[PDB]
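# Observations on chain architecture
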2 protein chains.
Amino acid sequence: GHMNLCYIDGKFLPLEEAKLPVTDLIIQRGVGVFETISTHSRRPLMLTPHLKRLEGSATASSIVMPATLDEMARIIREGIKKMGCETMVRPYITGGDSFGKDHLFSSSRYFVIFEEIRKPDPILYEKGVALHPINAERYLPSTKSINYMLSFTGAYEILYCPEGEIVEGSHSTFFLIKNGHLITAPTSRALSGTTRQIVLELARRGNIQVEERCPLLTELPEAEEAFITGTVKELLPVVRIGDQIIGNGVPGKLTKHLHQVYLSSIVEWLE
Amino acid sequence: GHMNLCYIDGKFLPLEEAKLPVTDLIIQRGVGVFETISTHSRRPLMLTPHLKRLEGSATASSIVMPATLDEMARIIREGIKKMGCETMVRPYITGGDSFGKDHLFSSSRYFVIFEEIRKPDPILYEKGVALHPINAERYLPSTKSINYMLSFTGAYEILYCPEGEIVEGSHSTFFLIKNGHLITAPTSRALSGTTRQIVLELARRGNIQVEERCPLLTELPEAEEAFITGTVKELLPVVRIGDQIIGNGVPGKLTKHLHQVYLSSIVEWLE
Ligand SMILES: *Cc1c(COP(=O)(O)O)cnc(C)c1O
Ligand SMILES: *Cc1c(COP(=O)(O)O)cnc(C)c1O
């Protein structure tokens, strides 16, 4: 049950027992990609878009897939059935031991972490969160790499704001609400969020105008609302960015409305 | 007796046998710092400067040191003795399993890789190497982190050239030579290379003028020579940067002079 698992070397292990060889370039060189897959009603949300993003992350990184996507789906479904609870699933693809003379990681490893889902505390949805702007970007923005060093080094999350242009969180898509419009960075600059996609579909159905541009930090004084999106956090209101209050400093009407519509509609994106 | 080693969990293991728990945030979140220490006639080169930079990297990354520098030195010396050969030594400090409430990694793991040294092939010193320029920088450039993903995805090595200002290689310090002067990025922008420090010292003794500035890509048609530095590679001549031939396309006079002076002088930096 609630026992954390790691699928590795053909076996479901207890998470605490799973170990990776120190020869792996994930450890030595940060060469790895991953996903976060979450469940509602014990069914994986957006499993296929997640597994396709994993393959695109691996392929863009010159990592050969160590298993087929059908094999990764089989593992993730079996690990969910073992958990018998709301599960957060993280498949990892590693570099393995060698970057060959043909410029590929050909001996990639994989493993799959299964944990009980840990939603953000209700207080954070009620009051919203603060983001810490940095003058930095993610390079390879379509790749979901294991590199979170900058995310660590009292804000909930860092926000990549290269040259004052807001792109996205370390873990999260960023939305701004300004002159009634939903503003979010294009996926030429931000990761192709699965939550981002669902919100843009709910915005379309709600006749909510979407600008796919990077909002400037300098527009934040005129914004009504902000939120961040991810499979676990769903839509989390953002009330402060650095020392700039967003709107009236509390979660806004449209953020809460899109969150409700997301929870009402969520079964349509389950697999 | 002879094998590649990993010091981990108090034990010298075979490198092939050593494993890290997948819970470690080096794996999950790229929270890791390391050094590369080489031996000359089995004496560790710049052991103390390497270990002090390792402490600098961990400290700047909010990682609490899981061992003392004296304990790391004792491990590194005992592992060199066990190898019985010219060794490349890589001590790693991990994030461990958690980032605590106090915004520190307080449960850091450490391990020490010992491998028989692998110099670049003599043909690379005779012909020199090519570098691939990218419009990107290292964030927290003073930290020697495990994050090399951009070195493989983005030529012997990538060259970080944010806004066409040359900073450094992915693995190496970059030197340009123009009218007999040595040009290299200041430590305000580049990792403070130990090989870099040695070359700057040997230049000063040689009455070779040093400019500590980032050379422009547009200075490369006017350059006589270029090389890169790192503890294993020593001074590797650079003859091409993207489409630009450096000098007359072969290793230059002053590069070969500084490499011989480096090899002649090396015993003063051994411990
Ligand atoms: C994982 C991640 C997200 C969120 O992706 P979802 O598919 O919505 O969970 C957003 N931005 C970045 C940078 C991420 O790594
Ligand atoms: C390790 C490294 C170097 C080389 O430093 P040495 O002390 O000379 O081995 C240079 N640049 C970067 C970015 C490095 O990580």
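Read on for a plain summary of the structure. (Residues numbered from 1 in each chain as written, not as in the entry; some residues may be left out. Chains lettered and ligands numbered in written order. Heavy atoms only, no water. Residues with missing side-chain atoms left out of burial classes, pairs and counts.)

Turning our attention to the interface of chain A and chain B. Counting residues at the interface gives 41 residues for chain A and 40 residues for chain B. Across the chain A/chain B interface, buried area totals approximately 3,600 Å², and carbon plus sulfur atoms make up 68% of it. Looking at the side of chain A facing chain B, the largest losses of area belong to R29, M149 and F152 of chain A, adding up to 22% of the total buried there. Where chain A touches chain B, the interface holds zero salt bridges. Linking chain A with chain B are 13 residue pairs in polar contact. Counting only elements with at least two residues in the side of chain A that touches chain B, the list comes to β1 (5–8), β3 (19–21), α1 (25–29), β4 (32–34), β7 (87–94), β8 (110–116) and α5 (149–152) of chain A. Per element, the largest residue contribution to the side of chain A that touches chain B is four residues, and it comes from α1 of chain A. Looking at the side of chain A that touches chain B residue by residue, the class counts come to 26 nonpolar, eleven polar and four charged. Note that β3 of chain A and strand β3 (residues 19–21) of chain B share three bridges and pair antiparallel. Following the sheet pairing, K19 of chain A is matched in β3 of chain B by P21 of chain B. (Contact = heavy atoms within 4.5 Å. Buried area = accessible area lost by both parts, 1.4 Å probe. Salt bridge = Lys/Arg side-chain N within 4 Å of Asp/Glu carboxyl O. Polar contact = N/O pair within 3.5 Å; in protein donor to acceptor, adjacent residues only side chain to side chain. Helix = DSSP H or I, 4+ residues; strand = E, 2+ residues; numbered from the N terminus. Nonpolar A, V, L, I, M, F, W, Y, C, P; charged D, E, K, R; others polar. Pairing = 2+ DSSP bridges.)

Take the pairing of β1 of chain A next. Residues and elements named next belong to chain A. Of the two faces of β1, the one lined by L5 and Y7 and the one lined by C6 and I8 are each fully buried. Bridge analysis of β1 against β8 gives four bridges, and the strand direction is antiparallel. When the bridges of β8 are listed, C6 appears paired with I113. One ladder, built from four bridges, connects β1 with strand β2 (residues 11–14); its direction is antiparallel. The residue bridging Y7 from the neighbouring strand is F12, located in β2. Here β1 folds back onto β2 in antiparallel fashion, the turn holding two residues, of which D9 has a positive phi close to 50°. (Buried < 20%, exposed > 50% of the residue type's maximum accessible area, 1.4 Å probe, protein only.)

Residues and elements named next belong to chain B. Following both chains from N to C, one finds helix α2 (residues 47–60) and helix α3 (residues 69–83) inclined at 130°, their axes separated by 10 Å at the closest point. Here α3 runs oblique to α2, going by the angle between their axes. The chirality of how α2 crosses α3 is right-handed. Here α2 contributes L47, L51, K52, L54 and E55 to the contact with α3, which in turn contributes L69, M72, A73, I76 and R77. Residues of the contact of α2 with α3, tallied by class, amount to seven nonpolar, no polar and three charged. (Axes fitted to C-alpha atoms, helices over the stretch in contact; angles between N-to-C directions. Parallel < 35°, antiparallel > 145°, perpendicular 65-115°, else oblique. Left-handed = near helix turned anticlockwise from the far one by under 90°.)

Here we take up the nonpolar core. Core analysis: the biggest nonpolar cluster contains 84 residues, and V22 and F111 of chain A together with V22 and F111 of chain B have the highest contact counts within it. Setting aside chain neighbours within four positions, we find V22 of chain A in contact with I27 and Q28 of chain A together with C6, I8, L15, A18, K19, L20, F111 and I113 of chain B. (Core = buried A, V, L, I, M, F, W, Y, C linked by side-chain atoms within 4.5 Å.)

Once that is clear, we can look at the relation of the copies chain A and chain B. Once chain A has been moved 0.0 Å along the axis and rotated by 179°, it coincides with chain B to within an RMSD of 0.8 Å. In the structure described here, the two chain copies are related by an operation that fits a two-fold rotation axis. In this assembly, 98% of the residues forming the interface of chain A have copies in chain B that are likewise at the interface, indicating an isologous arrangement. (Least-squares fit on C-alpha atoms.)

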